[PDB]
Each structure stands twice: as C-alpha cells, then as structure tokens.
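Asker: Structure for the following, please:
(chains A, B, C, D, E, F and G, ligands or ions: 3)
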Amino acid sequence: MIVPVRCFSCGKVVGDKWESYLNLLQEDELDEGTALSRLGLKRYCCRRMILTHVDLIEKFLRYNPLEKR
Amino acid sequence: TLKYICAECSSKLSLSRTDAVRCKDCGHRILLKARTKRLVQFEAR
Amino acid sequence: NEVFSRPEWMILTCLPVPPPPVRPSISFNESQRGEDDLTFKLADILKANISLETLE
Amino acid sequence: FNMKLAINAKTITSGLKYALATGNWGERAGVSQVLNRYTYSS
Amino acid sequence: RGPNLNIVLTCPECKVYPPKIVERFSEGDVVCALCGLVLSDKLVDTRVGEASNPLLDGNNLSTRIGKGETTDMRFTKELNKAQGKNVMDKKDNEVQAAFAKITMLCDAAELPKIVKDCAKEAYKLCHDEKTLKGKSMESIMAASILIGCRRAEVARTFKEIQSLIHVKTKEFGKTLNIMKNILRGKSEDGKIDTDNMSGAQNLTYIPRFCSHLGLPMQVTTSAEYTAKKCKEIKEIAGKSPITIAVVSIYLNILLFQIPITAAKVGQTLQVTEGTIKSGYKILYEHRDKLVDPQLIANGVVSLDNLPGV
Amino acid sequence: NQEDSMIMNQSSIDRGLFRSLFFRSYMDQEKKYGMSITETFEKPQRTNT
Amino acid sequence: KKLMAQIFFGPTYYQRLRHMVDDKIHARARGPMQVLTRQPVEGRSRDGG
Ligand SMILES: [Zn+2]
Ligand SMILES: [Zn+2]
Ligand SMILES: [Zn+2]
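Answerer: Residues are numbered from 1 along each chain as shown, chains lettered A, B, ... in the order given. Ligands and ions are numbered 1, 2, ... in the order given. Below you will find the coordinate block:
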C-alpha cells in the first residue's frame, strides 16, 4: 500500500527513494531503468522493490475521513 | 458518556440507552463507535 | 417362528412410543424450543387415532 | 372493493427476494451465489 | 403439587452451599471452582428438529401432506380431504385463519415483522373471551393491529388503519377500549404498557407526515420541536394530535419557504384547510415560543419569514 | 523443501514479505421475542445474569 | 564454500493462498458431545473431534 522501508532480500533502505523515483520519471524525462540506477539501486533485488511497487495509498486518501477533528 | 460518530457527516454524538440510533444533524442511521481514549501498546516486530 | 415372529404380529395393534432420548427436543438459542420430527409425526398419530376413535 | 387490499405487493417483493436470496428458482438450485470477494481476479 | 425431579450439582468434598461452579464448555466438564473435583462429565451442547414459537401458536404439532419425488394425485387429494375432516384441529384453525388474514393485512401496508408478531399475540391473548363475542372480526383485527403498532413505537392513526380495514369508528373505539382492559386484566394476573402506550404520542407521527410531503430532515426536526413546545398553550393542547402535528408542520413549511400550498398539504394528509388556517391563527400568536432558539440564533430561519395576518 | 515444500528467508519475512491483514466481522441483533420477551445490549453482572 | 553446482536464480511472482495452518491445527482430548448420538461434536470451531 505504501513504499516498503527496507528491501526484502538484503535490507537496504528503499523507503526514502519513492519520491525521488517519481520525480526522475516526471521531471527528468528518464526511463525507469536509468532512474533506478541513478538512485543507487544496483542489485536487482532492490530494483524490483521500487520498480514493481503499487501506491494504493493514493486511492485510499480519496475517501473522506471517517472521523474528522 | 459514550460518544458516537455519524457515518455520513462525521458529527460526534452522545447517545444513551433510551436515545434513538440516528444522527440529529443530517439524519443518517449509521453510527461508528468512537476510538477508545486508552493507550494501546504495540510491538514493532 | 412360533415364539419370535408370528404372522398375526406383522399387523400393528399397539404402537410402542420411543422415549425422549430417541427423539430429543433441540434448542437453537435456549429461548426457543424445537421438537424432533418423530414427535411431530407421533402427535399426528395421536390426533388421527383420537379422531378415528371419536368418529366410530 | 379496496384496491389497496386487492393488490398484494408482498407477492412480487418476496417472490423476487426469495429466488435471489437463495438459489431456488421457483415459487433449479445454485442459480444465485454469494459473490466471491477474496481478490479482484476472483 | 408434583414430584421434585430436580438435579442440583454440589461438591461432596467442599459441601459449601451454594457452590461455585464453572462450566468448561471446551473440555466438556463441570468442575468445582474450589477443589477442582469434576462433578459431571460428557455434557452436551445447548436438520432433525424444528423450532416453533409457543407464544403465537402454543402447543400445536401438525404436519402437512404434499407431493414427493413420486406420488399420485389420487392419494394426495384424498389424504388432504381426510386431514380437513378433523374436529380437534377445527377450533385452532379459526385462530390460525385469523393469523393468516392479519399477516396479509399487515403485509399489504408495509409494516415491520415486529408489528404483525405483536398483533398476532394480541389477538390470541384477547381471543376466546366472553366480552369479545358481539363484535365484527374486522374490528378485532384492526384493534389488534393498532395495539401492535403502538407496542413497536410506530403507532399509526385511526384513519390510517381505517383505510385498509373498514370498520366504523364507534365499533373501533369500543373494541380498542375493551382490548386494552383485557390486557390490563391479564397483566395483573401475572408488562403491557409504557410511556408509548399513551394515546397522543404526537412525536411519532411527525417523521412520517413530513416524509409524505418530501420535506428535508432539517424541517422535520424544527417541526418536532414546535410540536413538543406546542403543548404549553392551553388553546391548542386540547386539540387533536393530528391537527397539532399538521399545523405545526404547516408553520415550519412557511418558515423555510417551501413552495407547497395548504391546498395540497390538507389534500395529502386529509385535513380541512380551514382547520389548518384556523389553528394557524391561534398558533401564530405564540410563534416566538414555537421556534427553536438554536435555529434562529444560527440564522438559518428568521421569525420575519413567517407571513402575518 | 522436499516433496512440494519450500524454504523461506526469515529475514525477508521479518521485513514484511508476504505479510497480510485479516478482518473478521461479528454480527448480532437485538431480538424482540414477541411482546413480553425482549433483548438488550448490556454488560451483564455475575449477580444478576 | 562454493556450491559445486550452479543455481538457477532470479525473481518470480509468488502468491500467498488462503490456507494457513493456524486455521487448521486443532486437537481434542475431551469435549462437548452431540445431543442425539452422544458422540464428539463436528467442527474445528466447536472443539469437535
Ligand atoms: Zn536489495
Ligand atoms: Zn450525520
Ligand atoms: Zn469442591
């Protein structure tokens, strides 16, 4: 639902690169392959962590809050 | 005593055993029990 | 068999009634009582028997 | 003659509900089933 | 007046009476909570059986005859014919026939299952009594339905019941009073009424009346406050609750400026327009006390929006 | 991992691999058994229940 | 030490199915019995045999 904090296989921290990855795709006009390498994700265990992630949090945030303060 | 929340207008209500189950503001008939105010412990594993 | 089975006994004149254990009265929530199907049929037999007895 | 009693809406309402609530298509079996929601593909 | 035939579980060793007993459903054991001694084993839980309610039908076990995977119409017809010719079941069939008609009447008005259950129960309790022997069956059924609706806090009006069941008001009123007396008589013998049993209970009518007119829920709440405070005026307190509710609704209709004329409000609710306007004059002099303070304070409704004569 | 078994990385499990939420719903109604008998939602006491 | 054989190694899409052992494991030493046959009841949820 949200970007994992650590790579499942080797434990590298990948939860602080989601926004950078999206920025590279949008503003830098880079393909997903080049963006992953620029972020320092070399082992393919880490690449699939960011490459195949589905951000379902955005869909959930569209619903109005159940309890508003 | 108990504070309930409407499921359509998010209005916090206070109902007794005699009060009818319904929102007094918008008229909805679905109410969500409010989150407990007591702290709950969780393990980060 | 002269003692264990005779043709006259194959016709029912007196019907034995099984005890409640054979036909227990189950309960769903303990506030509603249900009766075994045998009890339902046995009650019909009693009603029919009394109806016939009164008729003739 | 009371039109409100001549027309019994319960007949249509229950007949459709019963045939849809259960699989008994009458008054065939398994015509209606609880939708499977384990996953989107299901 | 009969054999005891009662089993009480007490611990022989502890001998404390009453004993502390814990029923371990999972382990199927009844054990003394003090010494741990097991008092009884192999406890049973608490298809092949049918559950029936012995409050509307009492004790009456019967079985129908119908076609099977293989059956000839000759046997079914004659067997059904024989079943009908029974003297014991005839007495109860009249009560059962009454329940069937009540269910049809209740189901034709779109009422909850609780009402028909209450209505059927009321009929059974008041049936087979010497007092109810000269009244038409239609009056009895209508009175039971009205009682059933009252017990469910969804009480209808006399006119609403008279729309389906046709019985003149004189018999309807007399039957209802007799029926209420019967309930009171059997309530002391062994409850039956509460604050809802009160005849007026005007607050219950407002939600349905406004719904028929299609007004928003905000208007309904204002009308409820107006009707509740409407009982402080002696000139209106003695009026019929229907008129009190309708006139109160009419005051709120004009307060919120809904384009619905009185000619249609009285046509839909079957209330004379003159009565609505006649009651408005009495209700117009106490407008300041008949408007919710919070609604006026917020600014949604102002007392200057109500036309004055 | 013989005969259709598998070996799974415990560290991967710790990091959230194949972890899931489970939701179960319990329904209960306030039954009205006829007229006299009726139910309510209450916290029964050991002295009155 | 190096494994004498080389291992086929790569990513693959796996799925977690609904069957979890904690929803199947159950044992019974003694427990409730049926009303009619007076034998152990049926069903894991009811501590059956
Ligand atoms: Zn990695
Ligand atoms: Zn609301
Ligand atoms: Zn003991």
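Asker: rest of the way, CA atoms for contacts and neighbours
Answerer: Noted.
Asker: Helix, strand, or coil at residue A:42?
Answerer: Following DSSP: H, G, I helix; E, B strand; the rest coil, we place residue A:42 in the coil state.
Asker: Spatially nearest residue to it, not counting backbone neighbours?
Answerer: residue A:36 (7.8 Å; Cα to Cα, 6 or more residues apart in numbering or on different chains).
Asker: Identify each buried residue in the host helix or strand of the one you found, please.
Answerer: Element membership of residue A:36, judged by DSSP states H and E, is helix A:32-38. For helix A:32-38, a neighbour-count test (16 or more other Cα atoms under 10 Å in any protein chain shown) marks A:35, A:36 as buried.
Asker: if we look at it, which residues are touching it?
Answerer: A:21, A:24, A:25, A:42, A:47, A:51 (Cα atoms under 8 Å, 6 or more residues apart in numbering or on different chains).
Asker: repeat that with 10 Å
Answerer: With contact meaning Cα atoms under 10 Å, 6 or more residues apart in numbering or on different chains, helix A:32-38 is reached by A:17, A:20-25, A:28-30, A:41-44, A:46-48, A:50-51.
Asker: What is the subsequent helix or strand relative to it?
Answerer: Counting by DSSP H and E, the next helix or strand C-terminal to helix A:32-38 is helix A:44-51.
Asker: and residue E:253, what element?
Answerer: helix E:241-255.
Asker: And the residue of chain G closest to chain F?
Answerer: residue G:16 (6.7 Å; Cα to the nearest Cα).
Asker: ditto for chain D
Answerer: The minimum distance from chain D to chain F, using Cα to the nearest Cα, falls at residue D:38 (11.3 Å).
Asker: Hmm, that residue is touching residue G:18, no?
Answerer: Yes: because the distance of 8.8 Å satisfies Cα atoms under 10 Å, residue D:38 is recorded as touching residue G:18.
Asker: What is the neighbour count of residue B:15?
Answerer: Look at residue B:15: counted by other Cα atoms under 10 Å in any protein chain shown, it has 15 neighbours.
Asker: Same question for residue G:43.
Answerer: Using other Cα under 10 Å, residue G:43 has 9 other residues around it.
Asker: still on that earlier bit, quick check on the contacts of helix A:32-38: which are buried?
Answerer: For the contacts of helix A:32-38, a burial check counting by 16+ other Cα under 10 Å picks out A:17, A:21, A:24, A:25, A:41, A:46, A:47, A:50.
Asker: how about the last one, what does it touch?
Answerer: Contacts of residue A:50 were listed using Cα under 10 Å, 6+ apart, and they are A:3, A:4, A:7, A:14, A:15, A:17, A:18, A:21, A:32, A:36, A:41.
Asker: In helices, which of those residues fall?
Answerer: Applying DSSP state H to these, the entries found in helices are A:18, A:21, A:32, A:36.
Asker: picking up where we left off before, A strand includes the residue of chain D closest to chain F, no?
Answerer: No: read with three-state DSSP, residue D:38 is coil and lies in no strand.
Asker: Now name the helix or strand holding the residue of chain G closest to chain F.
Answerer: Secondary structure assignment for residue G:16, by DSSP H and E: no helix or strand.
Asker: Over in chain C, which residue gets nearest chain B? Let me know.
Answerer: Nearest residue of chain C to chain B (Cα to the nearest Cα) works out as residue C:31 at 23.5 Å.
Asker: and that residue, what is it in contact with?
Answerer: E:53, F:33, F:37 are the contacts of residue C:31 under Cα under 10 Å, 6+ apart.
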